[PDB]
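First up is the structure itself, then whatever we jot down about it.
Backbone-built Cβ (ideal geometry, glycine too); neighbour counts: all protein chains shown. No value in this document is a laboratory result; all are computed from the given coordinates.
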Ligand SMILES: OC[C@H]1CNC[C@@H](O)[C@@H]1O[C@@H]1O[C@H](CO)[C@@H](O[C@@H]2O[C@H](CO)[C@@H](O[C@@H]3O[C@H](CO)[C@@H](O)[C@H](O)[C@H]3O)[C@H](O)[C@H]2O)[C@H](O)[C@H]1O
Ligand SMILES: OC[C@H]1CNC[C@@H](O)[C@@H]1O[C@@H]1O[C@H](CO)[C@@H](O)[C@H](O)[C@H]1O
Ligand SMILES: [Ca+2]
Ligand SMILES: [Zn+2]
């Protein structure tokens, strides 16, 4: 914990909420000054609990770089029309930096450029059958490509395009690595993952392979193109087949006016996968023998079936699908945004389907539960000193994604008539927290803020002789369970929000992931929209 001002290190929007935090004993006056020193704003800090005081400077609407002074402390804050444009662009460019089997040239990727990796065909587990499944994204700090979390990352990017296309239109991905005519930014980027996902479906059965990885994780020092271990397609799984089905039905709808062929191919692939679900058992995935990579296991598969049924309900607009969706919507499943508990994606597809195709009674019950869920998140946010919908127990592996999915839920609800008054405050507080307004004064994104992430658990950043890591990567965040040797050694006894370390070996607090950047893209695009 530093003895300084805690603020949004990326910046503040002209029209947005503006807040800073300080550990204090009582109210203190504060001032905002031009870089010359002239005061433009003055106020008093106010208590918010657990040693924290806040200062609100929302009314300062003139853009510039300001010196914020409180007691003997000083901080440089930025107010701008589109303060989050650069970070949003970097967060979307992260997906292109994760591209597998693709040359990333220096003119696009700069020092983190590299040649095509993992170009070999993968062997289907326990057979001699080889299969080509190039492309898509390296999942995280490792080089595996896993179906289940890939579906969430795709769904998030598609949702961001559907909700905030104007905000996304102001950002540029690695345009020259993608096929012309160029699609809008979120669709341009997500098409790479959608194309790889299509190669993961078994043509014979419609089932989808759980993942393609090497048998084990290579050293942290491994460059993408030096990872030459043989690739293995882990068996087909119910969770991979269902999440694929839902992500494909969603892409079929979104790509309809942009890529008719992709849309038609996705729609067909979604139907063949749903046919596989009807004929197979809800069997949880477990790593086969000799496969030591990310399992992405899950004992609860009803939420994945809910998402697949609701996604096809919306894709087709066919009331016949509500027969399967509605009993699933009645279950006491958590309504979350993944990677393991995906029911809220299904709830959203159901609520976004024309009203005529569904039971009005079920629809109203669904909308009421969503409102009650948001009220509970709002109460958590009300009692938190940083105003984020989190409790100490929520600071688990990928706590930044836990937070961002919750900000996402408020924003998603606005498109389906559930207008919670706290939605925009939560979105702003989640961005503030991610960018430095937290007990560690840590900006949880590489290459941004005054205290960026400098040592992520990310193979290309470790391997290169740059580190200085790849920019725009959202790290997992504080995890109180101390799920790595570094976290256990350095973070024992520390509060839940301080359970983070910027060290390359801390995979449990300092790794990156495509499905951690994906809700960040959605949340940041929402704020930019205004
Ligand atoms: O780290 C990112 C990727 C890197 N690529 C490989 C891939 O396998 C890895 O994925 C991560 O792999 C991790 C290791 O299994 C998963 O970590 C688990 O993440 C879960 C939440 O998603 C944690 O579960 C929570 O833990 C608490 C008590 O143990 C409970 O209060 C919570 O109920 C529970 O959900 C588990 O402890 C935890 O081990 C992550 O979510 C998942 O993001
Ligand atoms: O840091 C490299 C490995 C160290 N010891 C065993 C492995 O589990 C480590 O690899 C990391 O494991 C985590 C899987 O649990 C994973 O989330 C990271 O992607 C791996 O690099
Ligand atoms: Ca599940
Ligand atoms: Zn690769």
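Spin-label pair residue 416-residue 229: with each label point 7 Å from Cα along the Cα-Cβ axis, the two points sit 4.0 nm from one another.
Extension gain for residue 369 to residue 299 (0.36 nm times residue separation, less C-alpha to C-alpha distance): 22.8 nm. Note on residue 361 and residue 280: the extension gain reaches 26.0 nm, defined as 0.36 nm multiplied by sequence separation minus the Cα-Cα distance.
Based on alpha carbons, the Rg and Dmax found for segment 279-355 are 14.2, 49 Å.
Normalising the Debye intensity of segment 1-81 to I(0), with uniform scatterers on Cα atoms only, and taking log10 at q = 0.12 Å⁻¹ returns -0.30. With the simple model of a label 7 Å out from the Cα in the direction of the Cβ, residue 352 to residue 450 spans 3.9 nm.
To the nearest 0.05, what FRET efficiency results for residue 379 and residue 23 with a Förster distance of 30 Å applied to their C-beta separation?
0.80
At 4 °C and 1.567 mPa s, grab the translational diffusion coefficient of segment 467-530 from Stokes-Einstein with a Kirkwood Rh over Cα pairs, rounded to a whole number in µm² per second.
Taking Rh from Cα pairs, D becomes 101 µm²/s.
Of 36, 304, the sequence from fewest to most neighbouring Cβ atoms within 10 angstrom is 36, 304.
Geometric descriptor of segment 63-183, per residue, is 189 Å³ (volume of the convex hull of the Cα atoms).
A protection proxy built from the mean count of other Cβ atoms within 10 Å ranks the segments 121-131, 252-262, 347-357, most packed first, as 347-357, 252-262, 121-131. A Stokes-Einstein calculation at 37 °C with viscosity 0.692 mPa s, built on the Kirkwood radius of segment 173-220 over Cα pairs, returns a diffusion coefficient of 247 µm²/s.
Starting with the fewest neighbours, write out 159, 68, 434 ranked by other beta-carbon atoms found within 10 Å of each beta-carbon.
Ranked by crowding around the Cβ, least crowded first: 68, 159, 434.
Gain in length, residue 121 to residue 489, computed as 0.36 nm per residue apart minus the alpha-carbon separation, to one decimal in nm?
Additional length available on full extension: 128.4 nm.
So what does the Cα-only Debye profile of segment 410-530 read at q = 0.17 Å⁻¹, as log10 I(q)/I(0), no solvent term? Debye intensities relative to I(0), on a log10 scale: -0.87. The simple Förster model, with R0 at 35 Å and r as the Cβ-Cβ distance, assigns residue 323 and residue 256 a FRET efficiency of 0.90.
Can you tell me the FRET efficiency between residue 529 and residue 107 if r is taken as the Cβ-Cβ distance and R0 is 22 Å, rounded to the nearest 0.05? My answer for the efficiency is 0.15. From the P(r) of segment 442-488, can you give the percent of Cα pairs sitting at distances over 12 Å? Tail of P(r) above 12 Å: 62 percent of Cα pairs.
Take each peptide in 373-386, 282-295, 184-197, count the other Cβ atoms within 10 Å of every residue, and average; sorted highest first, the result is 184-197, 373-386, 282-295.
Structural size metrics of the chain, computed from C-alpha coordinates, are Rg and Dmax of 22.8, 73 Å. Rounded to whole Å, the principal axis extents of the Cα atoms in segment 159-241 read 42, 37, 22, largest first.
Dividing the Cα radius of gyration of segment 1-136 by its Kirkwood radius returns 1.26 for Rg/Rh.
Based on alpha-carbon atoms, the Kirkwood radius and the radius of gyration of segment 226-344 give Rg/Rh equal to 1.01. By other beta-carbon atoms within 10 Å, ranking 465, 361, 298 with the fewest at the front produces 465, 361, 298. When every Cα-Cα distance of segment 329-446 is counted in 5 angstrom steps from zero, the calculated P(r) takes the values 2, 10, 21, 23, 18, 12, 7, 4, 2, 1, 0 percent.
Extending 7 Å from Cα along the Cβ direction at residue 51 and again at residue 393 yields two label points whose distance is 2.4 nm.
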